Amino acid sequence: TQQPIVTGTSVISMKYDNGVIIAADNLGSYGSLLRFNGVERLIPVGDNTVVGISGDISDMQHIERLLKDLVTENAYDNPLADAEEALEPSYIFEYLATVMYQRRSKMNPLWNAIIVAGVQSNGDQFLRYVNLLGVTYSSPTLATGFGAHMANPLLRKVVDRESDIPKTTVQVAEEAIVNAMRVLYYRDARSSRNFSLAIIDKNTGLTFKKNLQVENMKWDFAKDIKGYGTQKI
Amino acid sequence: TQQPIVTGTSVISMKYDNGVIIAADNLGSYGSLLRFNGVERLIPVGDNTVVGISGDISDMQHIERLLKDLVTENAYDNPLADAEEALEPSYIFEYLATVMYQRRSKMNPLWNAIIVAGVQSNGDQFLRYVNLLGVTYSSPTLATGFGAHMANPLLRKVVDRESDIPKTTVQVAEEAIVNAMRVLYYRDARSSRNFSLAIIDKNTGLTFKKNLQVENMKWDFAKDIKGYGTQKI
Amino acid sequence: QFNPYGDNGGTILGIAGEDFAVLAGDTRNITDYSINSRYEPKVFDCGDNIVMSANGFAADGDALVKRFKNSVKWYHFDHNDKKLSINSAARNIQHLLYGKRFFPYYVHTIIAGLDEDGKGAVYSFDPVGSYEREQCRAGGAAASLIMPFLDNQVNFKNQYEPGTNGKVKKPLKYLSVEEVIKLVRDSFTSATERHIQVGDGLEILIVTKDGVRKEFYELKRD
Amino acid sequence: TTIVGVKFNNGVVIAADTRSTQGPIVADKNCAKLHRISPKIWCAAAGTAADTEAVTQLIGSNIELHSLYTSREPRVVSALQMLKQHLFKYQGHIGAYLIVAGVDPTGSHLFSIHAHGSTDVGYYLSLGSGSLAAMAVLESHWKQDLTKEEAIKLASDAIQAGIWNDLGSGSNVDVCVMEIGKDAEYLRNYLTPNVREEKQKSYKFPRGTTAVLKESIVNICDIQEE
Amino acid sequence: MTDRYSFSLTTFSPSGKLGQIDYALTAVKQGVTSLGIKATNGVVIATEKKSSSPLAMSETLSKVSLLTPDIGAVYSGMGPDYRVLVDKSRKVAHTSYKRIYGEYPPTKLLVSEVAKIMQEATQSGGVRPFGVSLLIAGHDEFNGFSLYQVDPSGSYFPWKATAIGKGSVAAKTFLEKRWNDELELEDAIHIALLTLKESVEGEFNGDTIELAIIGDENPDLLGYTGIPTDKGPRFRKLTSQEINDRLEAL
Amino acid sequence: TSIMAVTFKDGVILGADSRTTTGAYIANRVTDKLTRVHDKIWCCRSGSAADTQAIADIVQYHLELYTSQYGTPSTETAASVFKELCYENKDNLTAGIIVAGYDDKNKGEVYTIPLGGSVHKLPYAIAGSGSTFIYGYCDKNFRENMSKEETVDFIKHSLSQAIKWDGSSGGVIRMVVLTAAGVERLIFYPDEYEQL
Amino acid sequence: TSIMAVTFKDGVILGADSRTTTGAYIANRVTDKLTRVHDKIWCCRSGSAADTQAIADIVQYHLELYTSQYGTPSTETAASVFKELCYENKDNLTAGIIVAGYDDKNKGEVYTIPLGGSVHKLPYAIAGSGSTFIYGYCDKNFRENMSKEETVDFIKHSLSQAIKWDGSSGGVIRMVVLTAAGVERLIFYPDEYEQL
Amino acid sequence: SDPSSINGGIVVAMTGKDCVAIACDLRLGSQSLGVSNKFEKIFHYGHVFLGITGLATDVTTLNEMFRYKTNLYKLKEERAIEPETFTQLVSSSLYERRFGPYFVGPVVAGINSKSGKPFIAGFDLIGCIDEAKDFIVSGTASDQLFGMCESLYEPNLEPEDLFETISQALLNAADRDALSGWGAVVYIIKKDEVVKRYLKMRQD
Ligand SMILES: *C[C@@](C)(O)[C@](*)(O)[C@H](CC(C)C)NC(=O)[C@H](Cc1ccccc1)NC(=O)[C@H](CC(C)C)NC(=O)[C@H](CCc1ccccc1)NC(=O)CN1CCOCC1
Ligand SMILES: *C[C@@](C)(O)[C@](*)(O)[C@H](CC(C)C)NC(=O)[C@H](Cc1ccccc1)NC(=O)[C@H](CC(C)C)NC(=O)[C@H](CCc1ccccc1)NC(=O)CN1CCOCC1
Ligand SMILES: *C[C@@](C)(O)[C@](*)(O)[C@H](CC(C)C)NC(=O)[C@H](Cc1ccccc1)NC(=O)[C@H](CC(C)C)NC(=O)[C@H](CCc1ccccc1)NC(=O)CN1CCOCC1
Ligand SMILES: [Mg+2]
Ligand SMILES: [Mg+2]
Ligand SMILES: [Mg+2]
């Protein structure tokens, strides 16, 4: 048993016709203090998987090292390490899910919520969640923390069920993700303007975008808001 | 029942041959934050009494207003308000002591420790303490908070008993008070360098000194201190 | 949470003689490990040849003494300057204490004087006003040290006549004022050695038919 | 307890009061709080009395074995290191607060150590309940380049401040002086400003005053021959 | 990477001999001569500093070792075995005695503890016996001065005087003639130097001889003043100069 | 919340962020924390939204009734009415209020009233959760008798930093200028103040 | 405690106050919080005095043994050893450590290790109770590739403010300069830095 | 609940001229219920006397433990243990249970057989030594005993005078404690004779 100290907020994601998108802001909060402004919380594993992590950053850095070590170990005595015996999203997820549930069962959890996004060998989209309790689930959209409450409603308007996935292009899906990140910046007190976004496509591969900013913000109506009821000026 | 919020630290004092000296620093702390740097905590009442207050500053400001109102009330229908029927230190103290004990007895104290210093009509030195519990006592030296632990030992080396009072001059007594304030600045984490000092003498009257600073500080030996044991550089 | 009580330490002692009584108290006042004062009087002449001390929490002690002194003043006004007898003073103090039964005065009170036959009298009170007349009583921080000594030296307890096997007790005697003061001084010197809250000075008030006299003695200051 | 350490020209001096307590009662009026770790490494103890004795004796034992093993006179930094690691491991539960001083081939040294295992370096230090009273005196009269005589004076004055003003401290002042190139001099009861006055009365009883039921000889000897 | 030697390496042969103990005693016989003599007011222990090379600094190799402030030890046999036994003997004096009773053990009981350690190397799994015989001299309040020998078996005996190692048979005969119960400590040192001269071939001086005494308390060697009861170590190692002074009156 | 009031040559300026929080959710991102108690006496609010609104509404009532009887109240008087409510109801309130006003006689004045209900007259004041991060900055950069443009920049730079480091502060920077000329409202959006 | 480490053109500089507290009593006013783990790898200590000393002693041991086998360790390596101890013993430790060092290859580097045991490589870092009051100041006044004199002034002004507002910080300002030239210790007394 | 005051009882020791005295009460109870009036608290190992107050199971356990240890001491050392040495053994044995202590207040008393010097000592439950010249007190009426001893005691009392002083110190202290009394025993110890006396006291 511990308490989280340095923390990361929402990770958001969705499936589209040919792949998956995942995103997370670049902040490490220390309670209410917005302490660290250059923290990468999307961690790629090979050219087919991105693991997005929220919660305790010290535990995130531990998980990052586990994944880095997993790639090293998979390469050992493996002539097909960059081909048929490369690490899959499903393998990386199940490993993390095993570790998470083992750690909760020893009453010493890794204080995180994790989304593994990727594309499998056969071109199938992979998107699955796991947290500090070892709870797992999959859905056409997935989000952690505040993102569950605010991003999912927006992303579900694009992909409400499985049959909507082939109808959704990469442009429409990315647009929905970028808008969701703006909404979180308006409304989450432990978020930042700067974020990272990753697209894993079955055709075009892994595209990792750094140093993105929330833009096209509406604050102009603020000038017209005065007082809390009766004040006229 | 409450908790103190904005607070003042030590008030220190002693008797000498012809009168009394009292002192207190100019700080209002907000927990560990050294919030307010210009707070006067010695409050004169007439030309014969100084009330030094530590503890909650909101309650100090209340007490200040009570004393101000006490002077106004004493002047009413009193042709000898600036002569034989002027307020005495003993009258001002007993009033405060009554209020303090009444407030503790309603489980709603004034969260303070108070030292009333002055000279009576007959030339006698007055020095007495009262706190949030209504506890009262007199001694040739008196101090609140950290001053009780650190200032009293030093001031008692000058006036150890009643018979030492006539042997102690105003120069010796002031020197002892000024040194005690330096020691408190070295060692009390909720103190400041800037302080006020008041002398109430039977011959020369009330002398109130503002904007005093702790000076002649020893920090030079600090350069020679390295590590915490084995470190040589 | 706010705690309305505190402990100012100190120790007091009453002894009744044949035609006199003493009430003694140390002059030290403390909180925790700090000394507040080396000379803060704790035993008070209350008028009508009655001496009083309310040891424990000094604010409650001062309040009680102040209220009793006032009770004596109003007893004079309301009953034609009649002298308040020690027995009557004691019953009055019970009502003062029991009045705050559910928010007590945190003190142990002793009064001393002469009864209506001119004989020495000491009365003793708990915080909520139960009382008893006694030849002997110590109160306060070092009461547990002093009382057994008084049982032995004032009331001659566990002492027998030599050569009687153990069947004739040492017969009870009144002590002289000189002998009582010797026992008081040794009690406080002993208490000062072993109790940290006892020291600095000893102030004894002696009550006779002639009035109230005071004696002061130095105690160790460590 | 009041304990102090003061550095000087050619060495270091430590001092202590002699009171030990049990609740508000004084258990011992002439307690010895200056513990010898090795001939020229001594320390003053405050806190839980059993813990300070046990910890000084354990490290003093291991320092003696280390000295024999290495054929070298023990160093103060070694006593310090061994004390802090032992106290850290026990996470403050061993309630030992110590001022560690001494002379060794490296020179003269003065340290303090707290129960949780933190240490500090200084020219003057104080510990225990009377440490504020002692530190007030030290902060008022300490200077650089003190002589032996000046340092003994300052150290004992600082203990006196604890004796008179702290209810936790009392009785006598014990001093130990450790000078470079000399034997350490332990001055037990260096000051005695608290002798009890003569009592007013003698309480010697007449013989036969206490009532007895039975008498018997107790056999303390072993089983006898013949 | 296993210690599989859980069985005894010292066993009884058909004749009743414990071979490894006998062979350890043979190693002791090859070792350099050392001796001990007990006086009325002291004990002396002595040996030759057999230097392996003249480039070697023989001062650094201490054959005569302090165990406690009132107890000293010397040996004959294998030097490394002796060194580790001195380490263990010093430690067991603290762990099994000083940390319990607040005082150093009496000579006989420290000897008993050393003896125990040597016995265990004669019975425990996967070890050989120690290839040394020790001479332990000491003082304690209730037993007075004493001198003990300890062998590879763990057996120990008290002596008025004795010798062990190379020329022990000749040295023991020499001591039988000279020893009496009225000897002062200086007389015992004189006899120790005479006895040791017979077994030494080469140079005979303070630099080639190692000698220590258990004698009077030495408050000057204590290192501190202020405790009347602590009067100083009775063990003292004689200097190179102090030995040479007595060799002129020889 | 990050709030401040700064006296300058021509008067006083109040400043605040626009964020209201429920836990870590931002309940209102365009909050107005600068509230009028009299024509030229305003306050900055921090602490409970309910408590500071209730207090401010009562103070506005008291000063309206003061004006009907005795004419325009001083800034000191307005601060005293705030104090009385905060001090006497200290057990039941969580309010940190800065009172700022302009007289022609006294010019610009600032009074800060922290949790206990004490009053402190100051050349400038800072308060709210985000103020902790700018004590250093404000102490080094404040000067007396600044111009209007300098004081606007001082507040803009100060609250910009408070917003940057405090998660409980954010949104727009609102300001209210109090001079002889009148009452001016200023607003500054994220795209302006973040790049400073 | 107020501590910081700042990279600059020629290397890195560590800075700290000298105050140790027991409650509100100052147990040591001349504390040295800048501790050597290797010739040119040092750390700033905050949190428990016992914990940070124990950790620093273990790290010094690990890097001495590293040096015997593998030669001079990198600053990154020193930070990793600190991290391992802080992360794995997070339940039982209260340690906030800044690691700073000079290589010739990597030049000046600074790593901060807060309570959780996470690691963060930064151009400069601030920590300890008093650091809260200077986030604003430090963010506005830090530039990369400063000179030695500029970086000394930046730390002196920053810790001066931290000391001024934090009661848990005080005493002297100690600094340690790490460059190719060697190791320089600097000290600055109250009479110098208070008047800034 | 508080283990040191479930059973009750007291021990006191004093030095005199070429003699020591150690004394104890006889009560064992379960809080308010008096159970036994024959529960002695003083034991001896050769010429060294040990009194023990506190939790009665630990009093009995520690007696059996120190009998065990002093028997082995004597076999190995070939002499009886002395008071100074026994004191150190008590301290060592208590401190090894530092974090699960015996709830006791031991008191050592005796005369060193070689030097002839009178010796007394007391300990807290974890083994800290108080080596007093004058007197040592222990038990539920320790405050009371401290007061009696500090006033009644004078140095260099003859054996028969010292008996009166220690007896009156015990009796009057016990009578002010609910959990002490029910009889008492006094040992007067000289270099080669020891007299044991049972005291007549009030039985409430
Ligand atoms: C007095 C001083 C100014 O504080 C100074 O620091 C000295 C220095 C010593 C002598 C080196 N300290 C003491 O005297 C300590 C103060 C202290 C008391 C209690 C806890 C911590 C510190 N005194 C003792 O340690 C005392 C020594 C006896 C009188 C010889 N021992 C006790 O008071 C003992 C401590 C038990 C304990 C257990 C576990 C953790 C910490 C402490 N307590 C009792 O004896 C209480 N009680 C136990 C049951 O029987 C009745 C008495
Ligand atoms: C943002 C800031 C730095 O805190 C700044 O001070 C602003 C200033 C206002 C706008 C004048 N303060 C707030 O935003 C407060 C912060 C605060 C919260 C709680 C106590 C004191 C201050 N926010 C509110 O007052 C908030 C306004 C609502 C959302 C319109 N109210 C609450 O959060 C409410 C307060 C209850 C309360 C009131 C007084 C003392 C103690 C508690 N709390 C909740 O509804 C709690 N919430 C917790 C999460 O689950 C839902 C319920
Ligand atoms: C001053 C600063 C801003 O805090 C700065 O971080 C310095 C840095 C050090 C010098 C490297 N830190 C301190 O001074 C710490 C502050 C601190 C206190 C408590 C927990 C964590 C940090 N002070 C100490 O570590 C202090 C050193 C002693 C005086 C030599 N130790 C304590 O105060 C001790 C710590 C116990 C503890 C340890 C770990 C976690 C939690 C608690 N605490 C006490 O002795 C408590 N004290 C309270 C008042 O009554 C007396 C007992
Ligand atoms: Mg004292
Ligand atoms: Mg923000
Ligand atoms: Mg009884």
# chains A, B, ... in the order shown; residues from 1 in each chain; ligands from 1
$ residues_around --residues "residue G:195" --least-positions-apart "3" --cutoff "12 Å" --atoms "only C-alpha atoms" --output "number ranges by chain"
F: 140; G: 156-157, 160-161, 164, 189-192
$ residues_near_ligand --ligand "ligand 3" --cutoff "9 Å" --atoms "only C-alpha atoms and all ligand atoms" --output "tab-separated table (two decimals) with C-alpha atoms, in the first residue's frame"
chain	number	residue	atom	x	y	z
D	91	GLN	CA	13.99	3.49	12.59
D	92	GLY	CA	14.06	5.67	15.73
D	112	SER	CA	25.78	15.04	17.43
D	113	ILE	CA	23.59	12.10	16.53
D	114	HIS	CA	19.84	11.69	16.80
D	115	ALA	CA	17.73	8.58	17.38
D	116	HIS	CA	16.61	8.27	13.75
D	117	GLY	CA	20.26	8.13	12.62
D	118	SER	CA	20.98	11.67	11.38
D	119	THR	CA	24.29	13.28	12.34
D	120	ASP	CA	25.59	16.84	12.37
G	1	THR	CA	14.75	23.45	3.15
G	2	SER	CA	15.35	25.32	-0.07
G	3	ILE	CA	17.60	23.61	-2.63
G	17	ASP	CA	20.14	26.99	2.68
G	18	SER	CA	21.64	25.80	5.99
G	19	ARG	CA	18.60	25.24	8.28
G	20	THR	CA	17.57	22.03	10.08
G	21	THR	CA	14.29	22.04	12.05
G	22	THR	CA	12.74	20.01	14.87
G	23	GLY	CA	9.18	21.32	14.95
G	24	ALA	CA	9.75	25.09	14.96
G	25	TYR	CA	13.14	24.87	16.75
G	26	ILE	CA	16.22	25.27	14.55
G	27	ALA	CA	18.37	22.24	15.49
G	28	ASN	CA	21.23	23.32	13.20
G	31	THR	CA	23.84	22.70	8.04
G	32	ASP	CA	25.64	21.47	4.90
G	33	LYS	CA	23.00	19.99	2.60
G	34	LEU	CA	25.34	19.73	-0.41
G	44	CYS	CA	21.16	18.52	-2.71
G	45	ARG	CA	19.24	16.99	0.20
G	46	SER	CA	15.70	17.74	1.43
G	47	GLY	CA	13.17	15.82	3.54
G	48	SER	CA	14.25	13.65	6.48
G	49	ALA	CA	17.84	14.35	7.60
G	50	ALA	CA	18.25	10.71	8.65
G	51	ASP	CA	16.84	9.25	5.40
G	52	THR	CA	18.80	11.48	3.01
G	53	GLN	CA	22.05	10.88	4.91
G	92	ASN	CA	9.60	3.91	4.32
G	93	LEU	CA	11.42	7.05	3.04
G	94	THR	CA	10.90	10.82	3.03
G	95	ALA	CA	13.61	12.06	0.66
G	96	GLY	CA	13.60	14.73	-2.04
G	127	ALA	CA	13.03	21.51	-4.32
G	128	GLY	CA	12.27	21.62	-0.59
G	129	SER	CA	9.53	23.47	1.32
G	130	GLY	CA	10.88	26.90	0.34
G	166	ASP	CA	9.83	30.07	4.17
G	167	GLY	CA	10.31	29.76	7.94
G	168	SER	CA	11.70	26.25	7.39
G	169	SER	CA	14.58	27.77	5.34
G	170	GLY	CA	17.35	30.10	6.55
$ closest_residue --among "F:107, F:135, F:194, F:71" --to "ligand 5" --atoms "only C-alpha atoms and all ligand atoms"
F:194
$ closest_residue --among "D:169, D:140, D:194, D:2" --to "residue B:176" --atoms "only C-alpha atoms"
D:140
$ residues_around --residues "residue F:153" --least-positions-apart "4" --cutoff "12 Å" --atoms "only C-alpha atoms" --output "list in words"
residues 6, 13, 15, 138, 141, 142, 146, 147, 148, 149, 157, 158, 159, 160, 173, 175, 186, 188, 192, 193 and 196 of chain F
$ interface_residues --of "chain F" --to "chain G" --cutoff "7 Å" --atoms "only C-alpha atoms" --output "NGL selection string"
:F and (132-137 or 161)
$ write_last_selection --atoms "N, CA and C atoms" --output "PDB file, in the first residue's frame"
ATOM      1  N   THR F 132       0.997  31.320  -3.594  1.00  0.00           N
ATOM      2  CA  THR F 132       2.225  30.744  -3.013  1.00  0.00           C
ATOM      3  C   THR F 132       3.388  30.755  -4.013  1.00  0.00           C
ATOM      4  N   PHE F 133       3.081  30.478  -5.278  1.00  0.00           N
ATOM      5  CA  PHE F 133       4.086  30.367  -6.338  1.00  0.00           C
ATOM      6  C   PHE F 133       4.678  31.687  -6.838  1.00  0.00           C
ATOM      7  N   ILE F 134       4.108  32.819  -6.413  1.00  0.00           N
ATOM      8  CA  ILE F 134       4.530  34.145  -6.883  1.00  0.00           C
ATOM      9  C   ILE F 134       4.961  35.129  -5.782  1.00  0.00           C
ATOM     10  N   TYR F 135       5.144  34.662  -4.544  1.00  0.00           N
ATOM     11  CA  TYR F 135       5.669  35.531  -3.474  1.00  0.00           C
ATOM     12  C   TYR F 135       7.040  36.069  -3.849  1.00  0.00           C
ATOM     13  N   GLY F 136       7.910  35.166  -4.299  1.00  0.00           N
ATOM     14  CA  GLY F 136       9.235  35.527  -4.784  1.00  0.00           C
ATOM     15  C   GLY F 136       9.179  36.554  -5.897  1.00  0.00           C
ATOM     16  N   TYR F 137       8.432  36.232  -6.950  1.00  0.00           N
ATOM     17  CA  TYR F 137       8.315  37.106  -8.119  1.00  0.00           C
ATOM     18  C   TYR F 137       7.766  38.494  -7.767  1.00  0.00           C
ATOM     19  N   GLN F 161       2.073  33.493 -14.087  1.00  0.00           N
ATOM     20  CA  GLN F 161       2.883  32.507 -13.373  1.00  0.00           C
ATOM     21  C   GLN F 161       2.086  31.689 -12.358  1.00  0.00           C
TER      22      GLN F 161
END
$ closest_atom_pairs --of "chain C" --to "ligand 4" --cutoff "9 Å" --atoms "only C-alpha atoms and all ligand atoms" --output "Markdown table"
| residue | atom | partner | partner_atom_place_in_ligand_line | distance |
| --- | --- | --- | --- | --- |
| C:33 | CA | ligand 4 | 1 (Mg) | 8.5 |
| C:34 | CA | ligand 4 | 1 (Mg) | 8.9 |
| C:35 | CA | ligand 4 | 1 (Mg) | 8.8 |
| C:196 | CA | ligand 4 | 1 (Mg) | 7.4 |
| C:221 | CA | ligand 4 | 1 (Mg) | 7.1 |
| C:222 | CA | ligand 4 | 1 (Mg) | 3.7 |
$ interface_residues --of "chain E" --to "chain D" --cutoff "7 Å" --atoms "only C-alpha atoms" --output "count of residues only"
7
$ residues_near_ligand --ligand "ligand 6" --cutoff "9 Å" --atoms "only C-alpha atoms and all ligand atoms" --output "PDB file with N, CA, C and O atoms, in the first residue's frame"
ATOM      1  N   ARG H  27       1.603  -8.958  49.364  1.00  0.00           N
ATOM      2  CA  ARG H  27       0.356  -9.034  48.598  1.00  0.00           C
ATOM      3  C   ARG H  27       0.554  -9.525  47.164  1.00  0.00           C
ATOM      4  O   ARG H  27       1.509  -9.142  46.489  1.00  0.00           O
ATOM      5  N   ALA H 173       4.376   3.682  53.578  1.00  0.00           N
ATOM      6  CA  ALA H 173       4.166   3.776  52.131  1.00  0.00           C
ATOM      7  C   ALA H 173       3.082   2.813  51.644  1.00  0.00           C
ATOM      8  O   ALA H 173       2.243   3.191  50.824  1.00  0.00           O
ATOM      9  N   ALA H 174       3.109   1.578  52.148  1.00  0.00           N
ATOM     10  CA  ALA H 174       2.110   0.556  51.797  1.00  0.00           C
ATOM     11  C   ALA H 174       0.678   0.952  52.189  1.00  0.00           C
ATOM     12  O   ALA H 174      -0.274   0.710  51.439  1.00  0.00           O
ATOM     13  N   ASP H 175       0.536   1.569  53.359  1.00  0.00           N
ATOM     14  CA  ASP H 175      -0.778   1.963  53.873  1.00  0.00           C
ATOM     15  C   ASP H 175      -1.458   3.081  53.066  1.00  0.00           C
ATOM     16  O   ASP H 175      -2.666   3.273  53.192  1.00  0.00           O
ATOM     17  N   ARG H 176      -0.687   3.797  52.240  1.00  0.00           N
ATOM     18  CA  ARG H 176      -1.226   4.771  51.278  1.00  0.00           C
ATOM     19  C   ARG H 176      -1.393   4.239  49.836  1.00  0.00           C
ATOM     20  O   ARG H 176      -1.625   5.028  48.912  1.00  0.00           O
ATOM     21  N   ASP H 177      -1.298   2.917  49.655  1.00  0.00           N
ATOM     22  CA  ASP H 177      -1.481   2.262  48.353  1.00  0.00           C
ATOM     23  C   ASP H 177      -2.468   1.101  48.500  1.00  0.00           C
ATOM     24  O   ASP H 177      -2.301   0.240  49.372  1.00  0.00           O
ATOM     25  N   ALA H 178      -3.486   1.085  47.644  1.00  0.00           N
ATOM     26  CA  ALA H 178      -4.521   0.044  47.673  1.00  0.00           C
ATOM     27  C   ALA H 178      -3.984  -1.341  47.317  1.00  0.00           C
ATOM     28  O   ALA H 178      -4.426  -2.341  47.890  1.00  0.00           O
ATOM     29  N   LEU H 179      -3.032  -1.387  46.383  1.00  0.00           N
ATOM     30  CA  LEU H 179      -2.500  -2.651  45.851  1.00  0.00           C
ATOM     31  C   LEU H 179      -1.239  -3.188  46.548  1.00  0.00           C
ATOM     32  O   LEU H 179      -0.703  -4.202  46.113  1.00  0.00           O
ATOM     33  N   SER H 180      -0.788  -2.533  47.621  1.00  0.00           N
ATOM     34  CA  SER H 180       0.330  -3.015  48.449  1.00  0.00           C
ATOM     35  C   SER H 180      -0.108  -3.296  49.889  1.00  0.00           C
ATOM     36  O   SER H 180      -1.149  -2.812  50.338  1.00  0.00           O
ATOM     37  N   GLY H 181       0.704  -4.087  50.594  1.00  0.00           N
ATOM     38  CA  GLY H 181       0.484  -4.419  52.008  1.00  0.00           C
ATOM     39  C   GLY H 181       0.266  -5.906  52.230  1.00  0.00           C
ATOM     40  O   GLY H 181       0.972  -6.731  51.649  1.00  0.00           O
ATOM     41  N   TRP H 182      -0.708  -6.237  53.083  1.00  0.00           N
ATOM     42  CA  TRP H 182      -1.091  -7.620  53.404  1.00  0.00           C
ATOM     43  C   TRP H 182       0.033  -8.445  54.062  1.00  0.00           C
ATOM     44  O   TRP H 182       0.050  -9.674  53.969  1.00  0.00           O
ATOM     45  N   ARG H 202      -1.203  -3.642  59.299  1.00  0.00           N
ATOM     46  CA  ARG H 202      -2.653  -3.673  59.083  1.00  0.00           C
ATOM     47  C   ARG H 202      -3.008  -4.488  57.838  1.00  0.00           C
ATOM     48  O   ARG H 202      -2.337  -4.383  56.808  1.00  0.00           O
ATOM     49  N   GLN H 203      -4.057  -5.303  57.957  1.00  0.00           N
ATOM     50  CA  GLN H 203      -4.402  -6.310  56.953  1.00  0.00           C
ATOM     51  C   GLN H 203      -5.569  -5.896  56.051  1.00  0.00           C
ATOM     52  O   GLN H 203      -6.461  -6.694  55.769  1.00  0.00           O
ATOM     53  N   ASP H 204      -5.532  -4.650  55.577  1.00  0.00           N
ATOM     54  CA  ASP H 204      -6.506  -4.137  54.611  1.00  0.00           C
ATOM     55  C   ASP H 204      -5.815  -3.376  53.474  1.00  0.00           C
ATOM     56  O   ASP H 204      -6.459  -2.664  52.700  1.00  0.00           O
TER      57      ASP H 204
END
$ residues_near_ligand --ligand "ligand 1" --cutoff "8 Å" --atoms "only C-alpha atoms and all ligand atoms" --output "PyMOL selection string"
(chain D and resi 1-2+18-23+26-28+31-33+44-53+93-95+128-130+167-169) or (chain H and resi 4+54+98-99+103-105+122-130+138-140)
